[PDB]
Amino acid sequence: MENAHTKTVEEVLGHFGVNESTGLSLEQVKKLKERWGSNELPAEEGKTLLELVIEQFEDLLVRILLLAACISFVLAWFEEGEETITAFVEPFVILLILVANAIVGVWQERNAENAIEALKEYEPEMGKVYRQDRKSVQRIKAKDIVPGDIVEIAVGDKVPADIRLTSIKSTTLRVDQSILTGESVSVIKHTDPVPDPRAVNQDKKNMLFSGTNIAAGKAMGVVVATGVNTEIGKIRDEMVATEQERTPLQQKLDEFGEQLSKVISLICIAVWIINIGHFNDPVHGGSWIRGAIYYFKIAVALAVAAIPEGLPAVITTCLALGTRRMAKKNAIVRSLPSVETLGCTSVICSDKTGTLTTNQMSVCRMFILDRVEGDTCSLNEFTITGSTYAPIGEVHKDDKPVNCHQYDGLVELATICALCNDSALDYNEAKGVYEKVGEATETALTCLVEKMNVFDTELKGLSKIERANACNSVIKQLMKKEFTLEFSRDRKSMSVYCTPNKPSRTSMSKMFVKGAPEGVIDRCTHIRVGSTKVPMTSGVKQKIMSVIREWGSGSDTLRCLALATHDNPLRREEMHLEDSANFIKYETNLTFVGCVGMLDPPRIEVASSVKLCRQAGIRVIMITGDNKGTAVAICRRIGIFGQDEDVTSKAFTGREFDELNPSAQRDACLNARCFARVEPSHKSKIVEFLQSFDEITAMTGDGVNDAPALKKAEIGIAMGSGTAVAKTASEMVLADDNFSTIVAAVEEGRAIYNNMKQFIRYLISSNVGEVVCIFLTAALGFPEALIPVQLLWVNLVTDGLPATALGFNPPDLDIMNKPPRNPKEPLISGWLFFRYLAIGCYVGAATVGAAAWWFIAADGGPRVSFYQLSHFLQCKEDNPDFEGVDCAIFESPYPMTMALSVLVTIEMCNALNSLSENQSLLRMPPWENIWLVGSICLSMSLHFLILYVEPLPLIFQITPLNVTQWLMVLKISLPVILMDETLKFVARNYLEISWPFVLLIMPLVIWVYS
Ligand SMILES: Nc1ncnc2c1ncn2[C@@H]1O[C@H](COP(=O)(O)OP(=O)(O)CP(=O)(O)O)[C@@H](O)[C@H]1O
Ligand SMILES: [Ca+2]
Ligand SMILES: [Ca+2]
Ligand SMILES: [Mg+2]
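Letter by letter, the sequence shown follows residues 14 to 1023 of our numbering.
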């Protein structure tokens, strides 16, 4: 079987020896699964190791350090090129920090992608087949499908394998195959063969390809290729890589990194042009170009220092962390940066059926017309026991066991339910439960027909399997279903044309209609009382609607459907079934038979999740296609409304929302919390009206009618048990159907953004202190305290792991107690610009003050005055101002070591400030981030290494410090913590305690300041 689209249906079915009615035998499946194997693709990993490392060096900030590492190599290859431990130390320490951030970024990306692919194994994919063991449709694993078995295909499903369409149950079958073809339109499929043998997949209009979705209709066909033999498995690796639009924060940090790179270039140019006079200094040898090259190395070393080279890697780590944390809560995040968009979400739009409710429906109430006395009527209401899809339960009229065969209206009510279905009941021996095959609404009617048993059948000896479709089969054996007018949300109903297998001479053909109660009743001209029909008056109409309103608004919040019959329908030849808009013109002059009400319990997690969303400034909206009275009743149950709150202006329908003023329709989206009776076209219209008011919308849906709205939203969340049409159009899938995972994703989206601002706060406020150190020494005339190899060491220990370990920060204790941020506001927000300069001005003056301390106040050095330090260049033995001062001490490595040690230590104490924007160290101690504590102890260990081993101080031109000089370093480095505690204090109490830590920090403060 190679060209299946060229052969007809009878030839492709005879190739395997299959009947479309029965299906494939169990022995045939065993033989075919041996010859063809499992129906799956080999589990391949996304990106290799080298290509994952290559994408770490693709940003501007990282590519700048690569250029400077090359400059430091070419400009040092001329001077010294023999020893590799004293000459090329500058290019080595610029690369060593790039590899460190590349390793962490790759390590976290490997963890996020290994966690997501381990979540695809959560629940196995399923496919409805027809096999000979069961005389009905059974749901089996998708990987258990062999080439040649009959497969049932319904709307919303995902095609499990390459399928040659044998018959189309609906009038039209649409398939969304952008995954394979690339077309963004639904394509109509037919049964006739395509004569062209070399036809492209575009012209294969009779084949269903694995991985594609069903946009509309129901059909069935025979599988012709499984596993890697499908058109999607043969090009599984030869596929173009996706590229999505940059989210507002992704482009924010990109434009911020470029604006920062321009400022750094002006700062490094300013370094070269203010040190013009020092070019001809005797220290360089009296040469101008020799002194200009040296101060060019300083400009380059300060560029590497002041640049946040770790910003691209920390964004990668944060996004990979949030993705791995959601996968722990069973949330497959399809787009890595999309977990950030849920942080700034303002509105959460939610599908009702299947998303806010468990979709475990059960018919618990139904009524038919008892009699008519005048214009009004009396009804026969019933109750059904049971809430599971198991066909175990009986019907009670007024709390009395009754048999449905006595009531003629119930016999016709079960006939409409059984025949007007595209669903069935399936028994699972593995789990020992009854499962649904199709939609929960139609399966609830299948389980109802089994309980009623209007044609009393002996069910005492049937198996658990055959008892799932026992009474349903008795109905279908009596009436032959000719064609179905499939359910369309334009008319909100579904009709079926049936002809009795009984001789047609006495009994004619009828149409069995079912759909929305208010829509179907408006099209009913007569009503069925018992076995006779009388014309429908008005008093019957409001009396019937009154029971439907009391059921939806009642204590059970019942989902209601009306059942009708059309006794005099047009024949098939006089019906134009090409357009779906004509179907409502055929479902007129019906005969109202009955109305069923089923219960759909909301999920347990939904009630508390709506409360936490309201606490975090988020507004939850219910956009459902169901009735308004039912939707409002559910909103009061889950907490969207109050049990007594007025919803006259907060609950709207599809019609009411259309018939609104521009001012009224503006205030509606800003105040309405429930939208009922809205088509899939209206749902996306609600979403675009919310985004028109500059609001990040998060749509949650599970069905076909939510797919246009899941794409119009900034981020769409899909339930794991919903259709694949919705899971394809979404950015996050809740594999476990947990609604609490949605609020956990909002907290993770806010926490990711917080860790970025703490990374931005630590590097800007500390690297500007390394710039002030270079410029303040020049404005005072002091000997410069740093050389290019020391500006590159402070870049390694301070901008490396202590900066990346900020992406592991724990969340604030009130992270979810603040309104969502405005995504169009500026990033740094002005008041933080003051906090960056306030801390940076101290970090710079502390470094210059540490070098000036040794020249003046230290005992190990000279007691040089301020005048002799400001004019050290003017010192020779001829000068009477400089007497007794050995002016070779102005080149001593002691002030350079005091400044380098303070710069490292004051930036480690600044990393301890960057755990929260406003929470002090007494509330969030440093051991909340254990990765930051380990990174700081590692950076200090590396600083103590180059200080006290033998050959390293000569490389970095430093000297070992004693305890007396190290105690002075902490005296200047510690007040950077006290300075940020003051800035956090003003932020808490004017712009808006861990005692174990206090007992540890004060013995250090006692020893430092004596
Ligand atoms: N198989 C079916 N046959 C006939 N009518 C159906 C039907 N499924 C749903 N309906 C009716 O169509 C009406 C509107 O269509 P829609 O599909 O949007 O409802 P819904 O079940 O999806 C609720 P939600 O939008 O919250 O998921 C529903 O109120 C329902 O009564
Ligand atoms: Ca840097
Ligand atoms: Ca730094
Ligand atoms: Mg739904």
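Idealized CB from N, CA, C, for every residue including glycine.
Residue i and residue j closer than 8 angstroms at C-beta
| i | j | result |
| --- | --- | --- |
| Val717 | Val738 | yes |
| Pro836 | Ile709 | yes |
| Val150 | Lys231 | no |
| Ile949 | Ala924 | yes |
| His884 | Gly762 | no |
| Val633 | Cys626 | yes |
| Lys641 | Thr666 | yes |
| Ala128 | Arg337 | yes |
| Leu805 | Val198 | no |
| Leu603 | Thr550 | no |
Coil, strand or helix - residue i by DSSP
| i | result |
| --- | --- |
| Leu996 | helix |
| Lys154 | strand |
| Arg187 | strand |
| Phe821 | helix |
| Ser501 | strand |
| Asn441 | strand |
| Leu221 | strand |
| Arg249 | coil |
| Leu955 | helix |
| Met465 | helix |
| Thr19 | coil |
Residue environment, residue i, which counts as buried when at least 16 other CB atoms sit within 10 Å
| i | result |
| --- | --- |
| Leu814 | buried |
| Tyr961 | exposed |
| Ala427 | buried |
| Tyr135 | exposed |
| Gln257 | exposed |
| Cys433 | buried |
| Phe879 | exposed |
| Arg668 | exposed |
| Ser933 | buried |
| residue 9 | Because the chain is modelled from 14 through 1023, residue 9 falls outside the range shown and cannot be assessed. |
| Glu890 | exposed |
| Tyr1003 | exposed |
| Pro615 | buried |
| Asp435 | buried |
| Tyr766 | buried |
Residue closest to residue i, alpha-carbon to alpha-carbon, out of the options
| i | options | result |
| --- | --- | --- |
| residue 1024 | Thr637, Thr661 and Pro261 | This structure cannot settle anything about residue 1024, because the visible part of the chain is limited to 14 through 1023. |
| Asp659 | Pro675, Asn640, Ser676 and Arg686 | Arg686 |
| residue 1055 | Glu165, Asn830, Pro801 and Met588 | Outside the shown range of the chain (14 to 1023) lies residue 1055, about which nothing can therefore be said. |
| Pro875 | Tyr961, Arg572, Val213 and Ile902 | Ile902 |
| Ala681 | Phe525, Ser705 and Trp49 | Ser705 |
| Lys554 | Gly567, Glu531 and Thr570 | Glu531 |
| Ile919 | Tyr855, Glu963 and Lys889 | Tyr855 |
| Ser779 | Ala792, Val746 and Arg848 | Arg848 |
| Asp412 | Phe395, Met465, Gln419 and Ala403 | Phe395 |
| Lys265 | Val276, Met769, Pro823 and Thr19 | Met769 |
| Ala403 | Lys464, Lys410 and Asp388 | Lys464 |
| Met233 | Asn219, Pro295, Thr239 and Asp189 | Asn219 |
| residue 6 | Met1015, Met521 and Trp866 | Here the chain has residues from 14 to 1023 only, and residue 6 is not among them. |
| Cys357 | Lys342, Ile631, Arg774 and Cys460 | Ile631 |
| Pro206 | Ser476, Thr454 and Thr21 | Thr21 |
| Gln145 | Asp162, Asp580 and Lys156 | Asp162 |
| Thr184 | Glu23, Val810 and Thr204 | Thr204 |
| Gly552 | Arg384, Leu334, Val746 and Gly224 | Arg384 |
| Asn751 | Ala858, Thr389, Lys523 and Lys342 | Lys342 |
### Task
Check whether the stretch 369-378 touches the stretch 784-795, taking contact to mean three or more Cβ pairs, one atom from each stretch, closer than 8 angstroms.
no
### Query
Among all residues, which have a Cβ less than 5 angstroms from at least one non-hydrogen atom of ligand 5, and in what chain order do they fall?
Looking for ligand 5 in the displayed structure turns up nothing; the ligands present are ligand 1, ligand 2, ligand 3 and ligand 4.
### Message
Across the stretch 582-592 and the stretch 551-568, are there enough close Cβ pairs to call them in contact, namely three or more that are closer than 8 angstroms?
### Response
Segments in contact, no.
### Query
Is there contact between the stretch 170-185 and the stretch 61-74, where contact requires at least three CB pairs shorter than 8 angstroms?
In the pairwise beta carbon analysis, the stretch 170-185 is classified as not touching the stretch 61-74: fewer than three pairs are separated by under 8 angstroms.
### Task
May I ask you to verify whether the stretch 930-942 touches the stretch 819-834, counting CB pairs closer than 8 angstroms and requiring at least 3?
yes
### Task
Taking 8 angstroms as the threshold, find out whether the stretch 263-278 comes into contact with the stretch 286-294 through three or more Cβ pairs.
no
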